[PDB]
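Written below as structure tokens is the structure these notes are about.
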Amino acid sequence: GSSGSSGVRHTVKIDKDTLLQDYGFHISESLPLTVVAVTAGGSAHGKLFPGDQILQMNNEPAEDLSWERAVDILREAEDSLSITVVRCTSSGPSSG
């Protein structure tokens, strides 16, 4: 019975750019890896967005994985990076 927050998980791949010298999107140094910025038309264009919470990185549990560890996964990824995030929105109390 795999069920929970409305937010659905979306597995998207990423890659480093030759001009932006980065994987398009960025990540906060804090423990709770949360998309801080998402290039507009780069590698993580659309695939990700500033506000989501990383759930998996290169086939690894985010819970037992912190920014520090992720920083090593972002570089390790040579061919591509299998990053997964959730898509949840404040629905309910939202008033206008």
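Cβ sites come from the backbone with ideal geometry, for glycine too, and all protein chains shown count toward neighbours. The numbers here are math on the coordinates, done by the rules we state, and not lab data.
Per-residue Cβ neighbour counts within 10 Å put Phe49, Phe25 in the sequence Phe49, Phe25, beginning with the fewest. Hull volume per residue, based on the alpha-carbon atoms of the chain and their convex hull, is 120 Å³. Relative to the longest principal Cα axis of the chain, at what angle does helix 67-76 sit, 0 to 90 degrees, rounded to 10? Helix 67-76 sits at roughly 50 degrees to that axis. When you restrict to C-alpha pairs under 8 Å that are six or more residues apart and normalise by the size of the chain, the relative contact order lands at 33 percent. Each stretch of four or more DSSP H residues adds -39500 (n - 2.57); spread over every residue of the chain, this sum gives -3000 deg cm²/dmol at 222 nm. Look at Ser43, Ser3, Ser30 and count the other Cβ atoms within 10 Å of each Cβ; fewest to most, that gives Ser3, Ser30, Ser43.
Going by neighbour counts of Cβ atoms within 10 Å, the residues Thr11, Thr84 line up, fewest first, as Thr11, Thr84. Here the simple spin-label model places points 7 Å from the Cα toward Cβ, and for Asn59 and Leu31 these points are separated by 2.8 nm.
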